[PDB]
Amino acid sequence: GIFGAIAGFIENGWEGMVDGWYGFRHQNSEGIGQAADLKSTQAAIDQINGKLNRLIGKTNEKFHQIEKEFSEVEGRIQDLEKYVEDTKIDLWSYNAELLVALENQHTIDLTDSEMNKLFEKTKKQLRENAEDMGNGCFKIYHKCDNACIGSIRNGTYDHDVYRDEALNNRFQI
């Protein structure tokens, strides 16, 4: 939510995108298509794996400790033993609750961020050749075949090649 892309200006996700987390859909003269973006997908996945690496398989060894169950009524010393354990458990329970809540807010925000960055990077690439339709889509003001679209997805798009064509289409009447 914090960047405003996922569940924001992007109306919804694409169930038909199964080979990546983020990507591109296009309509041009040659049809309508989809391709996943690997770098943004992997950027997100690496960060989540980072969090997992700190949390999975990291346990602490303990051996002889205090007794935690009792069959006799004893009073003072047993009170202290139970209290110490109950205290400990509440503090770790709190740690675990907060941890998950923060991690989850951060994961949601970083994934929104990755969507936003890809969008922004694509916008700059297009220079004066496209306009932002406000819903994650760019109107490209020039003939842009499959190789051209591919060139935008691959970071090899030369905006100067189409600038004349696009300015003419953009600033028409």
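Residue numbers run from 1 along the displayed sequence.
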Once you work out the mean C-alpha B-factor for both 51-59 and 123-131 from the entry, which is higher?
-> 51-59
Per the PDB entry, mean CA B-factor is higher for 141-149 or 106-114, namely for 141-149
Among 96, 89, 80, 73, where is the Cα temperature factor highest, going by the PDB entry?
-> 73
Where the record places residue 65 (Cα B-factor, split into thirds across the chain) = lowest
Third of the chain, ranked by Cα B-factor, where residue 6 sits = lowest
Sorting the chain's modelled residues by C-alpha B-factor and splitting them into thirds places residue 162 in the highest
Place residue 23 in the lowest, middle or highest third of its chain's C-alpha B-factors, as listed in the PDB entry.
-> lowest
